[PDB]
Amino acid sequence: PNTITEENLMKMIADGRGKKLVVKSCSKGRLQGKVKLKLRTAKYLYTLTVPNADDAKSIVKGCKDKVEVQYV
Amino acid sequence: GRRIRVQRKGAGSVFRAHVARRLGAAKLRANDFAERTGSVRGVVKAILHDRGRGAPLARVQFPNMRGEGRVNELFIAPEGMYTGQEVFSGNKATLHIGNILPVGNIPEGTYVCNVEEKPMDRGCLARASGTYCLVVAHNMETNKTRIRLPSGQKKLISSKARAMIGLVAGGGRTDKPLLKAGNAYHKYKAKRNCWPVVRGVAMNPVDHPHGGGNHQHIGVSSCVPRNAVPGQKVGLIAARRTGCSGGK
Amino acid sequence: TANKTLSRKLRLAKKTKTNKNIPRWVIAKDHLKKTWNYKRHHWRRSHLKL
Amino acid sequence: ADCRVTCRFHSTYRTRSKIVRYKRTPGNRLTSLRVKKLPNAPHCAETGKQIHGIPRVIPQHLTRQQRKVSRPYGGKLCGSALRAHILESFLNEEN
Amino acid sequence: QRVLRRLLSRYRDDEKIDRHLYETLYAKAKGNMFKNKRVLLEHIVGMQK
Amino acid sequence: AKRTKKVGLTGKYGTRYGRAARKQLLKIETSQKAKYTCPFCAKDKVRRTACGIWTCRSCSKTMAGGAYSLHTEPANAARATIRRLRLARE
RNA sequence: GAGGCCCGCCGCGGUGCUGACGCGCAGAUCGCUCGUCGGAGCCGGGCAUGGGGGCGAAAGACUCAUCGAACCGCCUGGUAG
RNA sequence: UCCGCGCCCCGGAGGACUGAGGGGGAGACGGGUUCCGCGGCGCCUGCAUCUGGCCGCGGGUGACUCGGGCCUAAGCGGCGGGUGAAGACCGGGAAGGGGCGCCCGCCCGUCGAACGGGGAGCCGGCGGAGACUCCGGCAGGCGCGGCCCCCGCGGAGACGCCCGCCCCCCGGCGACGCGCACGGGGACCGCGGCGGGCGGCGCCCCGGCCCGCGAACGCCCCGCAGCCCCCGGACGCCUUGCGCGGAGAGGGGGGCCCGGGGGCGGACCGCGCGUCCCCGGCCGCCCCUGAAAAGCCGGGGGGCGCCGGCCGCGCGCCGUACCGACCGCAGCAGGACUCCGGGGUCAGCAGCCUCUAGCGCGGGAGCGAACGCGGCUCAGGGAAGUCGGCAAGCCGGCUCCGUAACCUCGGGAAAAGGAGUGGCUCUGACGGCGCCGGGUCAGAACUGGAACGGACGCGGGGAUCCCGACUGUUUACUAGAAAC
């Protein structure tokens with residue numbers, strides 16, 4: 001797995017490159033209050049750790065509705 | 001009677017040379033047109049230790065004269081060969097240690113090694129550590145050169161026969177006492193199964209001619225004839241004289 | 001043995017397949033009276049391929 | 001309490017290829033991970049000194065920029081050996 | 001030996017002692033002249049003065 | 001600090017091997033482990049890799065030599081002959 | 001920090017008890033005691049050398065419980081004052 | 001051992017034992033179904049059986065990534081041929097190939113290693129029986145196709161970065177000895193704190209115990225030592241030991257390699273001494289110098305023309321259960337290769353106990369004869385016994401004293417001999433200071449039937465003579481010797 005280089009890379013892949021699902025895990029264990037958006041491209045699983053939940057929402061809108069979005 | 005140890009040793013099997021992990025056969029550069037009319041030039045890539053030989057062996061790279069590549073030749077190393085030395089092989093090679101020239105060109109009194117016994121033999125004479133042949137005389141009329149072999153014998157060779165100038169390195173190797181049976185074991189492992197040696201007086205009468213009685217004695221003269229058969233030849237072969245006496 | 005050859009595995013296989021008692025129905029069909037394979041083997045006592 | 005890892009390899013004989021290092025898995029058990037023998041990085045044809053720039057990975061998995069050095073004779077010769085050859089070639093021509 | 005060398009290097013680097021004095025004290029340290037750092041430090045003060 | 005009065009590096013062999021062998025070895029093994037002056041880089045760094053093989057630690061030059069001494073006495077005499085005889089021809 | 005160095009573990013050998021065992025645990029074991037333990041060391045796999053042959057730090061030792069000449073079949077139901 | 005459908009079955013509870021070179025968990029070989037579930041006791045389980053490795057029945061071994069296969073080693077087979085009555089043995093000198101008109105080209109191996117070399121696998125879960133194989137997650141390798149695409153740049157330099165191919169050459173990697181010490185990681189360990197759970201509790205107890213997890217891989221940043229660059233021009237730099245420097249030190253600033261660490265993605269917090277494994281730079285050693293080959297990759301020249309990215313898809317063949325079950329007539333106090341290896345006492349991987357895990361062996365009671373075997377002790381004497389001190393016993397750990405003849409000057413030598421040793425209560429040293437680690441080495445009191453290496457482990461010694469210098473080696477199964 002790898003860490004996506006910001007939302008610019010995340011959404012560029014989600015707009016045109018291979019993408020299957022963007023899973024939004026939320027604050028597991030309260031180690032962090034951030035939300036983790038994870039995209040499964042054919043090659044790797046790319047994760048964006050978003051400090052603010054509101055910031056994640058705008059990034060999720062950027063992901064095409066063709067990409068499946070799941071929330072956990 | 002059992003086939004004696006000398007009889008068994010010639011049948012190959014376990015008494016063969018331990019030739020594994022050995023550099024190769026040390027020989028002179030093949031006689032060629034540029035060695036007959038001219039001198040080829042080679043750089044000493046590496047001075048290396050052969051497994052069974054005390055003398056060091058040097059890998060000298062020569063240009064390929066029949067191609068675009070380079071030819072690697074393994075030679076006995078004359079003392080003073082250094083990494084990067086430009087050795088020369090040929091009729092017009094200069095008189096410097098490590099150069100190979102025909103012995104007729106070589107002046108008298110010179111110390112040479114790896115001399116060719118016959119023209120174009122790739123070298124057969126002084127090859128052991130510290131050994132050397134001496135150019136004694138040139139007979140121009142017969143095109144033959146007398147050399148003094150390491151045993152002090154003198155032989156007439158062809159003037160064409162080629163030799164490498166210099167004593168072969170590793171000299172004084174035999175001066176150090178082996179000290180322990182161990183050191184002999186190590187040295188003989190590298191060479192062949194010839195150690196340890198059991199005296200035949202120690203053996204049974206079936207195993208050896210010297211055999212075994214009640215008092216551990218040869219019981220007949222150790223001196224054996226030259227025409228003795230393979231089992232019989234075990235003592236001093238065709239001894240012209242025997243005993244420790246001063247002279248010569 | 002864990003690293004068995006195929007040829008060896010197939011010869012040993014037949015021995016397990018043929019290590020079977022006479023079927024009871026075959027004894028009734030043939031009226032055998034004697035009821036034992038004899039060619040049957042036991043792993044501890046048998047020395048197959050020896 | 002009993003960290004006896006057992007054997008990851010097909011045979012127990014511990015040759016140079018069969019070496020294992022132990023870590024902890026996410027499931028709290030000791031694990032055996034094969035330690036691969038690091039390949040030597042290329043060496044100078046003259047000098048025999050590890051050429052700089054190329055990492056000690058099989059060159060099959062390296063990529064061309066990482067398995068090459070940007071200089072004439074970049075991999076075969078070191079920058080001192082190559083400088084020596086440049087000097088001798090020019091100087092021998094003068095004489 | 002490591003403890004004595006560590007102090008000597010710092011003193012040379014801080015210019016508390018000269019490099020010639022450091023060499024003389026480093027050879028004496030190798031020769032077992034100084035049993036403990038306090039003896040070295042005392043000798044260094046005496047040599048300086 | 002003089003650990004042994006007479007036997008030198010031969011103290012390794014203890015009381016075994018005799019006196020004559022230990023005296024010869026003292027001289028032979030002092031030469032074998034001695035640092036010789038590099039004929040090329042003029043630095044006393046030459047050490048014996050193998051019998052007949054001596055390598056300068058600093059020079060990096062490997063030289064063919066006597067088994068226990070970089071230069072054997074016969075070989076020095078041979079070198080002087082060849083140099084004189086070569087000069088006689090030219 | 002040297003050494004066919006010394007004590008000593010596994011290992012590898014096998015000294016003594018002339019111990020047990022001797023219709024045995026066993027067609028050479030068991031118990032103590034002991035030789036050695038960085039080395040002419042020890043161990044596994046592959047491989048080579050074959051019978052009047054091999055191999056032997058030599059004891060006519062060893063060569064599948066067989067050795068001053070293996071085992072298998074045959075000559076051979078050899079011959080025997 | 002007790003109790004319970006109560007069997008040597010099984011379950012619970014007590015008491016044990018094997019004691020991390022395990023009666024533990026796994027492989028190689030060898031067996032060949034012994035594996036697992038259900039039923040059973042006719043056989044076997046040398047007592048018994050409701051037991052089982054036994055009998056019957058029904059099942060069980062899943063791989064692009066592990067191993068074979070593949071490469072070569074020692075070796076072995078093959079080779080126009082050579083020879084021998086043949087069987088067969090022996091072997092280069094022979095018009096011995098290759099994508100390809102052309103062009104290039106002396107001449108074997110699709111033999112041989114389930115320990116050598118090799119392109120790439122990790123975690124979690126699941127089943128009565130299996131897993132690097134299944135399933136879920138997550139990667140890597142190697143092809144193939146579709147599509148897009150296009151053949152250098154930067155730095156003073158070491159080199160950096162944004163990946164061409166073929167031949168012919170020159171290389172590199174595969175690819176390598178041993179050892180003492182030293183350093184760095186990983187695991188293991190221990191001690192604190194903290195959070196959760198227990199147990200015991202006559203007295204004490206924040207003193208006991210149990211658990212607290214983070215893989216391959218992908219990025220980013222460091223990484224001692226080592227090597228190199230650039231300025232410049234010296235007795236300086238340094239190690240445990242060394243080493244190094246006008247053939248270029250120090251100093252300053254950089255490049256590279258480093259089986260490694262941290263961060264992030266995958267997805268409890270400190271701290272210390274050891275152990276074990278790997279690794280690094282050294283140094284020592286040899287009349288010893290420590291394999292090879294596929295495969296892969298650079299460079300030079302030549303010719304040519306790419307590379308790459310993204311997205312699909314594929315990866316065949318065989319091995320894969322189990323082993324206290326192998327081999328000795330046997331479920332034989334007999335052997336038989338490895339891998340992992342906790343705690344205390346201690347110099348110890350010794351001995352003695354124990355955690356984990358395994359487990360209670362071809363049978364049970366009673367009695368307490370001789371005698372045997374394995375031990376324990378013995379007044380006084382002390383080898384008077386005997387062929388001979390055979391056997392036993394003495395001695396022994398550490399610290400400090402103190403050591404003779406002789407000698408090949410290395411030894412002898414632990415010579416010979418003596419003295420101390422426990423527990424408490426303290427005091428010094430020794431690093432990294434505010435702090436904060438250390439666990440060794442001294443010294444002193446005070447105590448105790450006149451006790452202390454309190455078990456354990458663990459030389460008796462001295463004077464001679466003969467022989468062989470020595471370490472070695474040997475008659476497997478009556479001679480270990482002075483023999484070899």
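Conventions adopted
Residues numbered from 1 in each chain as written, not as in the entry; some residues may be left out. Chains lettered and ligands numbered in written order. Part of a larger assembly, values for the part shown. Heavy atoms only, no water. Contact = heavy atoms within 4.5 Å. Salt bridge = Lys/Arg side-chain N within 4 Å of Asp/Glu carboxyl O. Buried < 20%, exposed > 50% of the residue type's maximum accessible area, 1.4 Å probe, protein only. Helix = DSSP H or I, 4+ residues; strand = E, 2+ residues; numbered from the N terminus. Near = heavy atom within 4 Å. Polar contact = N/O pair within 3.5 Å; in protein donor to acceptor, adjacent residues only side chain to side chain. Nonpolar A, V, L, I, M, F, W, Y, C, P; charged D, E, K, R; others polar.

Regarding how it was determined, this PDB entry cites cryo-EM in its header, along with a resolution of 3.35 Å.

Turning next to the arrangement of the chains. Contacts are most numerous between chains B and F, considering all two pairs of chains that are in contact. The smallest C-alpha distance separating chain A from chain B is 47 Å, and no contact links them. Structurally, chain D and chain F remain out of contact, their C-alpha atoms never closer than 8 Å.

Let us look at the pattern of salt bridges. Taken as a whole and assessed by the stated rule, the structure comprises 15 salt bridges over all chains. E:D13 is paired through a salt bridge with E:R12; the nearest N and O atoms lie 3.0 Å apart. In this structure E:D13 comes out as partly exposed when scored by relative accessible area, which is 44%. Here E:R12 falls in the buried class, since its relative accessible area comes to 16%. Here the residues in one salt-bridge network are B:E35, B:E116, B:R122 and B:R162, joined through shared partners.

When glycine is set aside, most residues are seen to have a negative phi, and most peptide bonds are trans. With an omega of -10 degrees, the peptide bond between B:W195 and B:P196 qualifies as cis. Within the chain, B:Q216 stands out as a residue other than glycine whose phi angle is a positive 50 degrees. In the Ramachandran plot, D:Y73 falls in the positive-phi region, its phi being about 65 degrees despite a non-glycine side chain.

In this section: the environment of A:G16. Residue and element names in this part refer to chain A. Structurally, the position occupied by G16 is in the loop between α1 (6-15) and β2 (21-26). Judged by relative accessible area, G16 falls into the exposed class, the value being 63%. When the C-alpha positions of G16 and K64 are compared, they lie 8.9 Å apart, and in sequence the two are 48 residues distant.

With that settled, consider the protein's contact with RNA strand G. Not every one of the 25 residues close to RNA strand G is listed here, only the nearest: B:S13, B:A181, B:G182, F:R16 and F:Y17. For RNA strand G, the backbone portion of the atoms within 4 Å of the protein, that is sugar and phosphate, comes to 48%. A distance of 2.8 Å is found between a phosphate oxygen of RNA strand G and a side-chain nitrogen or oxygen belonging to B:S13. Between a sugar or linking oxygen of RNA strand G and a side-chain N or O atom of B:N204, the distance comes to 3.2 Å. Per element, the largest residue contribution to the surface near RNA strand G is four residues, and it comes from helix α3 (residues 181-191) of chain B. Per-class residue counts for the surface near RNA strand G are twelve nonpolar, six polar and seven charged.

Residues and elements named next belong to chain C. Summarising the element assignment, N19 is placed in the loop between α1 (6-18) and α2 (24-30). By relative accessible area, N19 is classed as buried at 19%. Engagement of the side chain of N19 in a polar contact is seen with the backbone oxygen of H41, the distance being 2.9 Å. Ignoring sequence-local partners within four residues, the contact set of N19 consists of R40 and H41.

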